[PDB]
Amino acid sequence: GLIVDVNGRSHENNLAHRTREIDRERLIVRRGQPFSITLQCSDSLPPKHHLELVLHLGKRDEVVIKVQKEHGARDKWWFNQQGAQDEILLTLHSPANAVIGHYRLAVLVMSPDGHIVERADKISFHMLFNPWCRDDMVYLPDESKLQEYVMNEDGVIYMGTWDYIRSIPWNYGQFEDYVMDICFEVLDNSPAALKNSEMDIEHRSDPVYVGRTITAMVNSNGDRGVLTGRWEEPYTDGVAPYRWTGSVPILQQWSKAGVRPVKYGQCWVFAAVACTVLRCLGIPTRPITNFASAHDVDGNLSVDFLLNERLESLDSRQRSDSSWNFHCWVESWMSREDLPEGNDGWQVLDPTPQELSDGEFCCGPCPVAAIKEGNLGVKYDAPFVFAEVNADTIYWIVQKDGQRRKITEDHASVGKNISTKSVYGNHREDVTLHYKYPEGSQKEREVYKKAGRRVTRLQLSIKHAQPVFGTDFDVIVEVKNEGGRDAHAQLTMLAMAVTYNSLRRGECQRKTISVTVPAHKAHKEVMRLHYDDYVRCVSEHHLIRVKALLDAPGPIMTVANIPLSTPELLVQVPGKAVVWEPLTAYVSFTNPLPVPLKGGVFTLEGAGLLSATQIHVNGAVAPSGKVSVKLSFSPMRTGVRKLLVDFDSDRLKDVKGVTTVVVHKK
């Protein structure tokens, strides 16, 4: 009868555990780090009476831990008890291999004979990974990187083409309301948890297991996964992937709907959502983007790509055109005690199912080091991840008489400018060398040799002035003869619309010329692409793949992907911003299309600023007319925050904007 109320001191514990952004009113703790709560008593522990503590995990007590009285093991939970005044200070010490999850704490007061004389109200708390605790497997010994890879809620995911990289800001929002609760829900709806709940809980102490589970639930899991993938345009009953500016709306939707795959997502949306959840649970994570991605190859390090003389895949039915313009995945920091010495550090987790086992096989965790050094023998999915960044595709002109002509290509190579956001600033950090030895290096030769990667004048090149969607433009194809004698050759050029995942769409023009380019001189040919022609074939990403063949008197090829730009939203939220103080944000742009756009919707969101919110343009924006809306709202948390905005319309899609707003109030 002595315990009047247990006090978790969450405002305090949560501050110490870097979990208070999530919530202050409930105890959210990290493992391997102690936490202190108090027992407010009415009087005193009856003479020969002592305290007992037992922990409960699982909706059905799948796991119960009796916490030690003191000097405990190292991987053993234990507590220290001390009296303050009219309350008892209980400092709980958890092992660094503690199971993450929602615990319910039962403090028992007992008779000296072995019987419970009273039991206090079972209070619950959540436990996350602790990369700041040196004994934790996710330990990262640099506080500045944990701030970006765990604590930062605003990221930048790179896209576009390797020679023309674009950035799209993303609101990971891992500390937005309830996103933590949904993260444990994703773990609770997985096959393993459904099949055997208790064993699954027991495995939740492992960053490898939990990382592989989250990566699997984001998309590959078809009945309860988080997102439904749709690789092409008619996104009939859902949101198009290029619409999202953050992960929280997808997660709230998935849970709100009773755990129901969200329509729809594409590779970078799976990675960003994976990032939000792993960062939330405490595993250091960063979205990485690969340009010229050998995703399509399905693990094969050698592909000969047969084209006909008209420069086309031999089978008219097949729509895929080799390597993706880019492809995204995620890198998570953790030590790999499940593998030989040396694979510790960043692991590649690819939520995007692998090509040829239909939306079934996600990738990783795979040591990025196993990729660099070519060890395809470690779990998980090293061959597939090594192919993604190393596969060798050789194109061939096969004639109607079976003669195969090898196309020489200058543009070549896969895994071009592997990028991730910079820890300081929003700069692109080229992370390629973490993945591969420089091209041609003898080091590259001996790894390709080890792993099975095959290991093997006129100059063709395509150039453009970065066109804006809506305009007709020219693209130059220049043949440089840096030889001594004159050279006459046949120059074939085509321009076809494409999707980032290399899905061939509309061949909006071809052309073959006969050329004689003189020694040390260069011939420049132009191809004029027009709006009314390419609106017909281009998609939400507005991409045009230009190719040029130069049958050199073997044949020479060069491909270029042209991403046509959309206007950039002007986002402004003027005057000093203060928490819980109403403010007005202003977004505006000018229709670059000589067509009216209707169905204009602006969607706004920001971690700590506001949850996705829509502004419907009433009417239709006239051709070349300026659009201008505004929304009022009151920031939720203080800090340097980023406001994200998306604009969609019938004729203008994929239009973004971001602004930095410093939220005050000391």
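Numbering starts at 1 and runs along the sequence shown. Atom set for the values below is all heavy atoms of this structure, side chains included, hydrogens, waters and symmetry mates excluded.
- A 4.5 Å side-chain heavy-atom check between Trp244 and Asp646 finds every atom pair outside the cut-off.
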* Decide side-chain contact (heavy atoms from CB on, under 4.5 Å) for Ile556 and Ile407; before the verdict, give the C-alpha distance in whole Å, the side-chain angles of both, and the deciding distance to 0.1 Å. => CA-CA 6 Å; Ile556 292 187; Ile407 293 187; over 6 Å; no
* List the steps, then state whether side-chain contact (heavy atoms from CB on, under 4.5 Å) holds for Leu543 with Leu564. => CA-CA 6 Å; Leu543 286 159; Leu564 276 28; over 6 Å; no
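- One finds no salt bridge joining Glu444 and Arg453 here, because no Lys/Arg side-chain nitrogen approaches an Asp/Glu carboxylate oxygen to under 4.0 Å.
- With sequence neighbours left out, the side chain to side chain donor-acceptor pair (under 3.5 Å) criterion links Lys263 to no other residue.
- Scanning all heavy atoms of the two residues, the minimum distance from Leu278 to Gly211 falls at CD2-CA, 4.1 Å.
- Separation of atoms OG1 (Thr512) and CD (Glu525) is listed at 10.5 Å; rounding is to 0.5 Å.
- Inspection of the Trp329 and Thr352 side chains reveals no N or O donor paired with an N or O acceptor under 3.5 Å.
- Considering only heavy atoms from C-beta on, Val546 stays 4.5 Å or farther from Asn561 through its side chain.
- The side chain to side chain contact (heavy atoms under 4.5 Å, CB included) test applied to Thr215 returns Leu349, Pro351, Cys362, not counting sequence neighbours.
- Under the rule for a side chain to side chain contact (heavy atoms under 4.5 Å, CB included), the partners of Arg457 that lie at least two apart in sequence or sit in another chain are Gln459, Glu482.
- Between the side chain of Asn219 and the backbone N or O of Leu227 there is at least one donor-acceptor pair closer than 3.5 Å.
- Inspection of the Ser313 and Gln318 side chains reveals no N or O donor paired with an N or O acceptor under 3.5 Å.
- Counting heavy atoms from C-beta outward, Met557 and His411 have side chains that stay 4.5 Å or more apart.
- Looking only at atom types and distance, the side chain of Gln490 has a donor-acceptor partner in the side chain of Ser514 under 3.5 Å away.
- No donor-acceptor contact under 3.5 angstrom links the side chains of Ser539 and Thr499, judged on distance only.
- A centroid separation of less than 6.0 Å is found between the aromatic rings of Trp268 and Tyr500.
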* To do: Report the C-alpha distance between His464 and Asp474 in whole Å, list the side-chain angles of each, state the deciding distance to 0.1 Å, and finish with yes or no for side-chain hydrogen bond (donor to acceptor under 3.5 Å, both in side chains).
  => CA-CA 7 Å; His464 71 235; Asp474 311 333; over 6 Å; no
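- In the displayed structure, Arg504 atom CZ is contacted under 6.0 Å by more than 12 heavy atoms of other residues, nucleotides or ligands.
- With sequence neighbours excluded, no residue forms a salt bridge (charged side-chain N to carboxylate O under 4.0 Å, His left out) with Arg485.
- Contact detail for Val477 and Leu491: the closest heavy-atom pair is CG1-CD2, 4.2 Å.
- Scored by the salt bridge (charged side-chain N to carboxylate O under 4.0 Å, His left out) test, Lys450 finds no partners at all (sequence neighbours excluded).
- Atom CZ of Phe305 is separated from atom OG of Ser320 by 8.0 Å, given to the nearest 0.5 angstrom.
- Using modelled atom types, one finds no donor on one side chain facing an acceptor on the other under 3.5 Å when comparing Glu373 with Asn375.
- For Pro553 against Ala489, the heavy-atom pair with the smallest separation is CD-CB, 3.2 Å.
- Residues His541 and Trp231 place their aromatic rings such that the two centres sit no closer than 6.0 Å.
- Proximity of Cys328 to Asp350: side-chain heavy atoms (C-beta onward) are nowhere separated by under 4.5 Å.
- The salt bridge (charged side-chain N to carboxylate O under 4.0 Å, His left out) contacts involving residues 536-553 comprise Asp321-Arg545, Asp321-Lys547, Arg405-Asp551, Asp533-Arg536, where partners must be two or more places apart or lie in separate chains.
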* **Residues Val239, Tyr264; criterion side-chain contact (heavy atoms from CB on, under 4.5 Å); working and verdict** => CA-CA 6 Å; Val239 178; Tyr264 300 99; over 6 Å; no
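- Scanning all heavy atoms of the two residues, the minimum distance from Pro555 to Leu549 falls at CB-CD1, 4.2 Å.
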With a 3.5 Å cut-off and sequence neighbours excluded, list the donor-acceptor pairs that the side chains of residues 382-390 form with protein atoms.
| from | atom 1 | to | atom 2 | distance (Å) |
| --- | --- | --- | --- | --- |
| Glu388 | OE1 | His295 | ND1 | 3.3 |
| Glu388 | OE2 | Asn290 | ND2 | 3.4 |
| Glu388 | OE2 | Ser293 | OG | 2.1 |
| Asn390 | OD1 | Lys436 | NZ | 3.1 |
| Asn390 | OD1 | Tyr448 | OH | 2.6 |
| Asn390 | ND2 | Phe386 | O | 3.3 |

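- For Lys626, the NZ atom counts as loosely surrounded, since its 6.0 Å shell holds 12 or fewer non-hydrogen atoms of other residues, nucleotides or ligands.
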* Would you please test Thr603 and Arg243 for side-chain contact (heavy atoms from CB on, under 4.5 Å) and show each step? => CA-CA 9 Å; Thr603 312; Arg243 279 275 246 148; 3.5 Å; yes
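- Side chains of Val273 and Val226 form a contact here, defined as non-hydrogen atoms less than 4.5 Å apart.
- Atom OG1 of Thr558 sits about 5.5 Å away from atom CG of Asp410, to the nearest 0.5 Å.
- Scanning for salt bridge (charged side-chain N to carboxylate O under 4.0 Å, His left out) contacts around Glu331 gives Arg286, with sequence neighbours left out.
- With hydrogens and angles left out, the side-chain atoms of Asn300 and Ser302 include no donor and acceptor closer than 3.5 Å.
- Among residues two or more places apart in sequence or in another chain, the salt bridge (charged side-chain N to carboxylate O under 4.0 Å, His left out) test is passed with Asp304 by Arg454.
- Between the side chains of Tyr242 and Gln266, not a single donor N or O lies within less than 3.5 Å of an accepting N or O.
- With respect to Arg166 and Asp654, a salt bridge is recorded, a charged nitrogen being found less than 4.0 Å from a carboxylate O.
- Listed here is the closest heavy atom pair of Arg651 and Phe469: O-CE2, 3.6 Å.
- For residues 213-235, the set of pairs meeting the salt bridge (charged side-chain N to carboxylate O under 4.0 Å, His left out) definition, not counting sequence neighbours, comprises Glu232-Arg319, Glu232-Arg505, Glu233-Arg505.
- Look at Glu478 and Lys463 and you find a salt bridge, because one of the NZ, NE, NH1 or NH2 atoms lies within 4.0 Å of a carboxylate O, short of that distance.
- For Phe589 and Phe647, the ring centers sit closer than 6.0 Å to each other.
- Within the cation-pi definition used here (under 6.0 Å to the ring centroid, within 45° of the axis), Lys406 does not qualify as a partner of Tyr395.
- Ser413 places a side-chain heavy atom less than 4.5 Å from the side chain of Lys416.
- Remark: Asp296 pairs with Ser323, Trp324, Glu355 by the side chain to side chain contact (heavy atoms under 4.5 Å, CB included) rule, at least two apart or across chains.
- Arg445 pairs by the side chain to side chain contact (heavy atoms under 4.5 Å, CB included) definition with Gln442, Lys449, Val455, not counting sequence neighbours.
- For the pair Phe291 and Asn417, the tightest heavy-atom approach, listed with the atom from each and the gap, is CD1-O, 3.6 Å.
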